[PDB]
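**Student:** Take this structure first; my questions come after.
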Amino acid sequence: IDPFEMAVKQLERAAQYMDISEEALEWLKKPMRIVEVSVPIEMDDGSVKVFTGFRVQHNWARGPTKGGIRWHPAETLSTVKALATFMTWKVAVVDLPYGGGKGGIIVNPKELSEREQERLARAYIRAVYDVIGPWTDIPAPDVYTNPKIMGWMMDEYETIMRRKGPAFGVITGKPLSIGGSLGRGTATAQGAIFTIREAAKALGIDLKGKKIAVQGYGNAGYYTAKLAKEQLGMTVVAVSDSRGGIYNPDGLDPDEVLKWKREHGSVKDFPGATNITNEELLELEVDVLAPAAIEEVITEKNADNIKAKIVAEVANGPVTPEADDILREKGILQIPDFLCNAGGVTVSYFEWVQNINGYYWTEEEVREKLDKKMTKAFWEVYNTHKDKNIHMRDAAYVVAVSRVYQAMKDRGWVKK
Ligand SMILES: N[C@@H](CCC(=O)O)C(=O)O
Numbered sequence: 004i005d006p007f008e009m010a011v012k013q014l015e016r017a018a019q020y021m022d023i024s025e026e027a028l029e030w031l032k033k034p035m036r037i038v039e040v041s042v043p044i045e046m047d048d049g050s051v052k053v054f055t056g057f058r059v060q061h062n063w064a065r066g067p068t069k070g071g072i073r074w075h076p077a078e079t080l081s082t083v084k085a086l087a088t089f090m091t092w093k094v095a096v097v098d099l100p101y102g103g104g105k106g107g108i109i110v111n112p113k114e115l116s117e118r119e120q121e122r123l124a125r126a127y128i129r130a131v132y133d134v135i136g137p138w139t140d141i142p143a144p145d146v147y148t149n150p151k152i153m154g155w156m157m158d159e160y161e162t163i164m165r166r167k168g169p170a171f172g173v174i175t176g177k178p179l180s181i182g183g184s185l186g187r188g189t190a191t192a193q194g195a196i197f198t199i200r201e202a203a204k205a206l207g208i209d210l211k212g213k214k215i216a217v218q219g220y221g222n223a224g225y226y227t228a229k230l231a232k233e234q235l236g237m238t239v240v241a242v243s244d245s246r247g248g249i250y251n252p253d254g255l256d257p258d259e260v261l262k263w264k265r266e267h268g269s270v271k272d273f274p275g276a277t278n279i280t281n282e283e284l285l286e287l288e289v290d291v292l293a294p295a296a297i298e299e300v301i302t303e304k305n306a307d308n309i310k311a312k313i314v315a316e317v318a319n320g321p322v323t324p325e326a327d328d329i330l331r332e333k334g335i336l337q338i339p340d341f342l343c344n345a346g347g348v349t350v351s352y353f354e355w356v357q358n359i360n361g362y363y364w365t366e367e368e369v370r371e372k373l374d375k376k377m378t379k380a381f382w383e384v385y386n387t388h389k390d391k392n393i394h395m396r397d398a399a400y401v402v403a404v405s406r407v408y409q410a411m412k413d414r415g416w417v418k419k
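Take the position in the sequence shown, starting the count at 1, then add 3; the result is the number in the authors' numbering.
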């Protein structure tokens, strides 16, 4: 059903466990500003083709909006609005001076060439310039969008702004050569590792030598497994993909698996492991489950088959609302998605701070700062969950919407 309707219904259901006025809830139920523009480019055949681009600024009570740009052929305004609403909560839960935003272009980047991609990025910036800025709206990379497009977009924005302010801060996730940050590439997996470490500390289970399964061997999933094996002392026994999955009782080395992904199709047919499917990995005996794949994979059909003490939501929406209650009844600690993968937006915030200050940090400073914010965020959510006897998703929503509501009351946007 409609993504924005799902997000609004989730917020309504989470509003039951916290004191919020009706006017503020109605304010939060709709985005503050929605921009739909035409994005024309010159194709390699010389013809001009016009694309539809979106930019949604859900709420800027706590600061400038922040969200990625999507280049997907199945992108709609409703999906962008839903993701912007989720970005608002994501930046509110980790205490960032940001609001929630999102953008997108209905396009297939595979069919476009390199020059067409650069033209598309520059035209999107020229179209949405009036509503974006370093203190207004900071975009970021997302699906089918990379630091190269970030660099093109930053260059176009700087060309339009005539270098009259900090142009590097208009967009994050850009190359290190031009205003990039250290630790951006592994930000979300590092944040997820921090939240998993805190969840284990809060459960009383020692994670060294414990089984972990990660679904989806993408950028987030591979690094989640690699850091789980490296700094958490986990044991990656199973990983999965879009074609299938592999499983090994002794465990797998993330470097080899990623090496294999480069020579053969996906992760299927690992030499020493067993070829399994995605549902099999979901209902597999591991200590921590990390579904970093597409959304809606843990559902009512397989909710009661889950046997993982910790379900880390690296992806956006990997667990359905009824699966949340089923897992809570089963006594499984569930880390909400907009809290678990908040490391990416936190490191993007660090990059923005470095851009606006003109001074840049090292790897260690970024890592320690990210560790502190994710630890504080997880502890706030878990304390809210314990003091009120609610699902962890409800506690995270309470924590985020409380900050947003407080900012709205301070600004005088809403009174009661
Ligand atoms: N949490 C964001 C990261 C991009 C950003 O820095 O806003 C996302 O992946 O949607």
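Ideal placement from N, C-alpha and C gives every residue a C-beta, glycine not left out.
Would the beta-carbon of residue 93 be found less than 8 Å away from any heavy atom of ligand 1?
**Tutor:** Taking the sequence shown and counting its residues from 1, the one referred to as residue 93 is at position 90. Yes - ligand 1 has a heavy atom lying nearer than 8 Å to the Cβ of residue 93.
**Student:** What residue range is occupied by the uninterrupted beta strand (DSSP E) comprising residue 118?
**Tutor:** The residue you call residue 118 lines up with position 115 of the sequence shown. Here residue 118 belongs to no beta strand (DSSP E); instead the alpha helix (DSSP H) covers 117-131.
**Student:** Beta carbon of residue 144: closer than 8 Å to some heavy atom of ligand 1?
**Tutor:** Position 141 of the sequence shown, counted from the first residue, corresponds to residue 144. For ligand 1, at least one heavy atom lies less than 8 Å from the Cβ of residue 144.
**Student:** By alpha-carbon positions, which one of 384, 183, 209, 341 ends up nearest to residue 366?
**Tutor:** Translated into the one-based positions of the sequence shown, residue 366 becomes position 363. When only C-alpha atoms are compared, the closest one is 183.
**Student:** Label residue 280 either buried or exposed according to how many other C-beta atoms from any shown protein chain fall within 10 Å of its C-beta, with 16 as the threshold for buried.
**Tutor:** Indexing the sequence shown from 1 puts residue 280 at position 277. Flag for residue 280 reads exposed.
**Student:** How many Å lie between residue 244 and residue 268 at the Cα?
**Tutor:** Here residue 244 is taken as the residue at index 241 of the sequence shown, counted from 1. Here residue 268 is taken as the residue at index 265 of the sequence shown, counted from 1. About 10 Å.
**Student:** Looking at the unbroken beta strand (DSSP E) that takes in residue 421, where does it start and where does it end?
**Tutor:** The requested residue 421 is not part of the displayed model; the chain covers only 4 to 419.
**Student:** DSSP has residue 41 in a bridge; who is on the other side?
**Tutor:** As a working mapping, residue 41 is identified with position 38 in the sequence shown. Paired residue(s): 55.
**Student:** Just to confirm, does residue 344 get its C-beta within under 8 Å of one of the non-hydrogen atoms of ligand 1?
**Tutor:** Locating residue 344 in the sequence shown gives position 341, where the first residue counts as 1. Answer for residue 344: yes, Cβ within range of ligand 1.
**Student:** Hey, how far is the Cα of residue 192 from the Cα of residue 317?
**Tutor:** Residue numbering aside, residue 192 sits at position 189 when the sequence shown is read from its first letter. Residue numbering aside, residue 317 sits at position 314 when the sequence shown is read from its first letter. About 8 Å.
**Student:** How close, in whole Å, do the beta carbons of residue 326 and residue 292 come, if the pair is a contact with beta carbons under 8 Å?
**Tutor:** Residue mapping note: residue 326 aligns to position 323 of the sequence shown, counting from 1. Residue mapping note: residue 292 aligns to position 289 of the sequence shown, counting from 1. Actually they are not in contact, since the Cβ atoms of residue 326 and residue 292 sit about 12 Å apart, beyond 8 Å.
**Student:** Consult DSSP for residue 86 and reduce its assignment to one of helix, strand or coil.
**Tutor:** On the sequence shown, position 83 is the one that residue 86 refers to. DSSP places residue 86 in helix when its eight states are reduced to three.
**Student:** Measuring alpha carbon to alpha carbon, tell me which residue in 196, 259, 401, 408 is nearest residue 344.
**Tutor:** The count along the sequence shown starts at 1 and reaches residue 344 at position 341. The option with the nearest alpha carbon to residue 344 is 196.
**Student:** Is residue 319 near ligand 1, in the sense that its beta carbon is under 8 Å from a heavy atom of that ligand?
**Tutor:** Residue 319 sits at position 316 when you count from the first residue of the sequence shown. Residue 319: yes, Cβ under 8 Å from ligand 1.
**Student:** Could you give the residue range of the beta strand (DSSP E) that holds residue 65?
**Tutor:** Here residue 65 refers to the residue found at position 62 when the sequence shown is read from its first residue. Taken as a continuous stretch (DSSP letters only), residue 65 belongs to no beta strand (DSSP E), as it is neither H nor E.
**Student:** Would you check if the distance between the CB atom of residue 306 and the CB atom of residue 289 is smaller than 9 Å?
**Tutor:** If you number the sequence shown from 1, residue 306 lands on position 303. If you number the sequence shown from 1, residue 289 lands on position 286. No, the Cβ-Cβ distance between residue 306 and residue 289 is not below 9 Å.
**Student:** List the residues that DSSP assigns as beta-bridge partners of residue 290.
**Tutor:** Position 287 of the sequence shown, counted from the first residue, corresponds to residue 290. For residue 290, which the question treats as bridged, DSSP gives no partner whatsoever.
**Student:** Check residue 3 in the structure and name its three-state DSSP category.
**Tutor:** Shown here, the chain extends from 4 to 419; a query on residue 3 therefore has no answer.
**Student:** Taking all protein chains shown into account, decide if residue 275 is buried (16 or more other Cβ within 10 angstroms of its Cβ) or exposed.
**Tutor:** Counting from one through the sequence shown, the residue named residue 275 turns up at place 272. So residue 275 counts as exposed.
**Student:** Can you name, in chain order, every residue of its own chain whose Cβ lies under 6 Å from the Cβ of residue 400, other than the five neighbours on each side?
**Tutor:** Numbered from 1 along the sequence shown, position 397 holds the residue referred to as residue 400. Excluding positions up to five away in sequence, the list reads 17.
**Student:** For residue 313, does the three-state DSSP call read helix, strand or coil?
**Tutor:** By one-based count along the sequence shown, residue 313 stands at place 310. Correct three-state label for residue 313: strand.
**Student:** What residues match up with residue 74 in a beta bridge as DSSP calls it?
**Tutor:** One-based indexing of the sequence shown puts residue 74 at position 71. Its beta-bridge partners are 108.
**Student:** Would you grab the beta carbon distance between residue 61 and residue 91 for me? Rounded to a whole angstrom, and I think it's under 8 Å.
**Tutor:** Here residue 61 corresponds to residue number 58 of the sequence shown, with the count starting at 1. Here residue 91 corresponds to residue number 88 of the sequence shown, with the count starting at 1. Their Cβ separation, rounded to whole angstroms, is 5 Å, which keeps residue 61 and residue 91 in contact under 8 Å.
**Student:** Could you spell out the range, first to last residue, of the alpha helix (DSSP H) harbouring residue 410?
**Tutor:** As a first step, residue 410 is located in the sequence shown; it is residue number 407 there, counting from the start. 395-414 is the span of the alpha helix (DSSP H), which, as asked, contains residue 410.
**Student:** Are residue 232 and residue 239 close, meaning C-beta to C-beta below 9 Å?
**Tutor:** Numbered from its first residue, the sequence shown carries residue 232 at position 229. Numbered from its first residue, the sequence shown carries residue 239 at position 236. Yes, Cβ-Cβ distance for residue 232 and residue 239 is below 9 Å.
**Student:** For residue 74, which residues of its own chain have a beta-carbon under 6 Å away from its beta-carbon, when the five flanking residues on both sides are left out?
**Tutor:** In the sequence shown, the residue the question calls residue 74 occupies position 71. So the list reads 108, 110, 112, 147, 148, once near-sequence residues are dropped.
**Student:** Answer yes or no: the CB of residue 154 versus the heavy atoms of ligand 1, is any distance below 8 Å?
**Tutor:** Within the sequence shown, residue 154 is the residue found at index 151, counting from 1. Residue 154: no, Cβ never under 8 Å from ligand 1.
**Student:** Please report the residue range of the beta strand (DSSP E) in which residue 214 lies.
**Tutor:** In the sequence shown, counting from the first residue as 1, residue 214 sits at position 211. Unbroken beta strand (DSSP E) run through residue 214: 214-218.
**Student:** So what does DSSP say about residue 307, is it helix, strand or coil?
**Tutor:** As a first step, residue 307 is located in the sequence shown; it is residue number 304 there, counting from the start. In this structure, residue 307 counts as helix in the three-state DSSP scheme.
**Student:** Which two residues bound the contiguous beta strand (DSSP E) that contains residue 142?
**Tutor:** Position 139 of the sequence shown, counted from the first residue, corresponds to residue 142. Unbroken beta strand (DSSP E) run through residue 142: 140-143.
**Student:** Compute the minimum distance between the beta carbon of residue 123 and the heavy atoms of ligand 1, and state whether it is under 8 Å.
**Tutor:** Indexing the sequence shown from 1 puts residue 123 at position 120. No; taking the cut-off as 8 Å, the Cβ of residue 123 has no heavy atom of ligand 1 nearer than that.
**Student:** Given 8 Å as the limit, tell me if residue 352 has its C-beta closer than that to any heavy atom belonging to ligand 1.
**Tutor:** Counted from its first residue, the sequence shown places residue 352 at position 349. Yes, since a heavy atom of ligand 1 falls inside the 8 Å radius drawn around the Cβ of residue 352.
**Student:** In angstroms with no decimal places, state the Cα-to-Cα distance between residue 309 and residue 286.
**Tutor:** Counted from its first residue, the sequence shown places residue 309 at position 306. Counted from its first residue, the sequence shown places residue 286 at position 283. So the two alpha carbons sit approximately 5 Å from each other.
**Student:** Using the C-alpha atoms, what's the distance from residue 397 back to residue 385?
**Tutor:** Here residue 385 refers to the residue found at position 382 when the sequence shown is read from its first residue. Here residue 397 refers to the residue found at position 394 when the sequence shown is read from its first residue. Rounded to whole angstroms, residue 385 to residue 397 spans 10 Å at the Cα level.
**Student:** Give the range of the beta strand (DSSP E) segment to which residue 248 is assigned.
**Tutor:** Counted from its first residue, the sequence shown places residue 248 at position 245. Start and end: 248-250.
**Student:** Does the distance between the C-beta of residue 59 and the nearest non-hydrogen atom of ligand 1 fall short of 8 Å?
**Tutor:** Numbered from 1 along the sequence shown, position 56 holds the residue referred to as residue 59. No - ligand 1 has no heavy atom lying nearer than 8 Å to the Cβ of residue 59.
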